[PDB]
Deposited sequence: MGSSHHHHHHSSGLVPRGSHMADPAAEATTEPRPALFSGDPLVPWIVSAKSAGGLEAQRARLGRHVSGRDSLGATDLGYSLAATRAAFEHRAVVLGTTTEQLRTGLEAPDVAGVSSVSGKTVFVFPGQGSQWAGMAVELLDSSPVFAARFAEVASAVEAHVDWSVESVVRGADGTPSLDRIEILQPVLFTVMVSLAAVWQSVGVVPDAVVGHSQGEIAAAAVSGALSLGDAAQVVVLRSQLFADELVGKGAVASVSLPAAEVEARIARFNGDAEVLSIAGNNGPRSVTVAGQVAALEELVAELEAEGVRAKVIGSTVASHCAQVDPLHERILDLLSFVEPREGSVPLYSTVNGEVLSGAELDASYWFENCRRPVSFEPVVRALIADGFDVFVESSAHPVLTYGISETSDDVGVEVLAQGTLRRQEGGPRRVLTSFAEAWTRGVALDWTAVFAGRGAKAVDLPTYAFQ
């Protein structure tokens, strides 16, 4: 009963028809209708409540009915309904973050803010700062570039973003996480209590702040695993210095290890035109650097009481379909020690009849890998992000909703209008 949006955000006008020309005709008939009379938000509500959703779809965004009438000439999002399978929520690790993320959504979405408050309370049982204050960059707060601050803030943001989708009826049939993302995935599936998940992400990230910062990091590299193996061998003659930390798609991997070596590899790769980058604030998890921490991790996380969740969790640690009851301290050690097997799990999801992948994150980091993998398997899927860097408010949310819905995702657009005081108004008949 918190509304999705408060105040006076922009409005969506959703339109659909049975062909490309029919959708052009509907847009033209609406334009004429509006020119010749009408409240922007009443029309949006009416389009959402009173029209069938046919195959060819568009969404226009704006505030005034002039803006929205003008926009029918060039809708913000258009597509053709194509998905027909199950929905999995995707929770990435580090790489999502951007300066100022979540602030505008806290201010503009009561659904997001409410969930963010619940989850923040859970993490604040274990830290002495305020998650909201840190997110808002309040004076005196600790830096979000610190790993022990960032991971619990990312956790809070990813879990709370799943509630925004939930408010328009888009919910996971399964969940998949990447590295620390699995802790958010477990919180969403109910495999861990909010308290336990929060405490895991706080304590583990603090341990990493204490023992791994400066000793290593992780980089993304847009090459196939085999090619990257060939390029790192020269570093590893004596001991493991660099190692593949993740497989994200057929041409997308991550590499963990010593910072100097990692930077040398990234610069070499860039000089040959390859996209590569050190991921902000990362340490060298997912390699042998975490072995010395094994005993400490089991002691730190022994409190955890995992249980069978609402919805399965597709592990990127062991490639199993898990109930959630398995996610004990030993699991959370393996989660930070083993390379992330994300690409094989995407394959398995597609084979299990998933074709809607919703990345519940501040900036889409695994959607590219999901599409690339789906292309390799030869199956079309929707890989949809939530927010994006410097796009943090209602336009971005509505745009992501439109991107999903125009591709066939069932979405309850009527819920967007909660609290706006809208009413049904006359609309042109679908045909004369």
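- Task: Compare the deposited sequence with the modelled residues and state the ranges that are missing C-alpha positions.
- Result: Residues lacking C-alpha coordinates: 1-32, 70-71, 467.
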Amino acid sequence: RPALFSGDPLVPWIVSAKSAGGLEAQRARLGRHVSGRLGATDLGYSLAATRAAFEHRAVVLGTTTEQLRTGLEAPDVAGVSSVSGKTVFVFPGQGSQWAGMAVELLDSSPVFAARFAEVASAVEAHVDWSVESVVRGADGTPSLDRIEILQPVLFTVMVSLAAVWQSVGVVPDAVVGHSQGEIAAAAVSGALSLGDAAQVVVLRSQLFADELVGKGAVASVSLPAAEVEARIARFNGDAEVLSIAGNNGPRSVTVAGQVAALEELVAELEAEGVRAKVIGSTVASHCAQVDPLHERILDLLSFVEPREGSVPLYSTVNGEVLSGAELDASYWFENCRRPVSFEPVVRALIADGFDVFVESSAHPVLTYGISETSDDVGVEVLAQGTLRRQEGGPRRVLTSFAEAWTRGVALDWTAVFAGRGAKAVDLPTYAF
From here on, numbers count along this sequence of modelled residues.
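- Task: Determine, for stretches 192-200 and 138-146, which one has the higher mean CA B-factor as deposited.
- Result: Stretch with the greater average CA B-factor: 138-146.
- Message: Per the record, averaged over C-alpha atoms, which has the higher B-factor: 420-428 or 16-24?
- Response: It is 420-428.
- Query: For the listed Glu132, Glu182, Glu308, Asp173, which has the peak Cα B-factor recorded in the PDB entry?
  - Reply: Checking the PDB record, the top C-alpha B-factor among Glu132, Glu182, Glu308, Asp173 is at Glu308.
- Message: I'd like to know which of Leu327, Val157, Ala260, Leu301 has the highest C-alpha temperature factor in the PDB entry.
- Response: Answer, based on the entry's C-alpha B-factors: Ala260.
- Item | Relative C-alpha B-factor of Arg347, binned into the chain's lowest, middle or highest third | As the PDB entry reports it, the C-alpha B-factor of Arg347 lands in the middle third of its chain.
- Task: Can you work out whether the C-alpha temperature factor of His178 puts it in the lowest, middle or highest third of the chain?
- Result: Lowest third, going by the recorded CA B-factors of the chain.
- Message: Going by the CA temperature factor in the PDB record, which third of the chain does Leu223 belong to: lowest, middle or highest?
- Response: Highest third of the chain for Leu223's C-alpha B-factor.
- Message: Using the temperature factors of the C-alpha atoms in this entry, rank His363 within its chain: lowest, middle or highest third.
- Response: Answer is middle: the recorded C-alpha B-factor places it there.
- Message: Split into thirds by Cα B-factor across the chain's modelled residues, where does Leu61 land: lowest, middle or highest?
- Response: Lowest third - that is where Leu61 ends up once the chain's C-alpha B-factors are sorted.
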